[PDB]
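Here's the structure, in structure tokens; my notes come after.
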Amino acid sequence: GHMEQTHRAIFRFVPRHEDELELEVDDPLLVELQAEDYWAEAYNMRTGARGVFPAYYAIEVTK
Amino acid sequence: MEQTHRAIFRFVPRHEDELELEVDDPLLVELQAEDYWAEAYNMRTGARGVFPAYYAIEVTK
């Protein structure tokens with residue numbers, strides 16, 4: 001099928017590290033993995049970037 | 001050295017520079033950096049490092 005948004009970013013996140021996913025508030029995200037260390041692995045549907053971010057920076061949207 | 005902040009979310013480092021947080025951890029924040037990372041001392045663990053800034057709230061002075 002198609003890429004479906006799973007989450008929305010609610011806080012700004014600016015990477016310090018090469019594996020991180022930059023977030024702006026309101027970014028639509030497709031979260032691929034919620035890791036046990038409370039990082040999320042995702043595709044940012046605004047930028048097309050992929051990476052990890054601190055998991056409490058996004059809320060689930062389930063249309 | 002008195003508490004400035006309280007952790008509100010669990011944060012487990014992936015990176016060398018990061019500060020581990022448990023919920024309710026007392027923090028002394030030295031810098032709120034312009035890239036939305038906080039630079040702090042965890043007053044429970046005695047560790048120093050950085051964490052994503054919205055993981056801590058200011059305490060009632």
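The figures here come from the full heavy-atom set of this structure, side chains too, leaving out hydrogens, waters and symmetry mates. In the text below, chain A, chain B and the rest are named by the order of the sequence lines, each starting its count at 1.
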Geometric class of the B/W37/A/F13 ring pair [parallel <30°, tilted 30-60°, perpendicular >60°]: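 Judged by the thresholds at 30° and 60°, the geometry between A/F13 and B/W37 is tilted.
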Between [X] and [Y], is there a shared hydrophobic cluster once you connect ILVMFWY residues whose side-chain heavy atoms come closer than 4.5 Å?
X: A/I10; Y: A/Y56; result: yes
X: A/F11; Y: A/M45; result: no
X: A/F53; Y: A/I59; result: yes
X: A/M3; Y: A/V61; result: no

Donor-acceptor contact present, side-chain B/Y36 to main-chain A/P15, <3.5 Å: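 No, the answer is negative, given that no donor and acceptor are paired below the 3.5 Å cut-off.
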Test log, rule side-chain contact (heavy atoms from CB on, under 4.5 Å), inputs A/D19 and B/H15: CA-CA 10 Å; A/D19 52 338; B/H15 315 99; 2.8 Å; yes
Intermediate values then yes/no, ring pair (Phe, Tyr, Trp, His ring centres under 6.0 Å), B/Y55 and A/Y57: CA-CA 9 Å; B/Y55 276 42; A/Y57 276 22; 5.5 Å; yes
B/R44 atom CZ, neighbour heavy-atom count above 12 within 6.0 Å: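 Atom CZ in B/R44 is packed in, count exceeds 12.
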Least distance between heavy atoms, A/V14 atom then B/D35 atom: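 Taking A/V14 first and B/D35 second, the nearest heavy atoms are CB-O, 3.4 Å.
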Derivation of the side-chain contact (heavy atoms from CB on, under 4.5 Å) call for B/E18 and A/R16: CA-CA 10 Å; B/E18 284 163 351; A/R16 281 186 177 195; over 6 Å; no
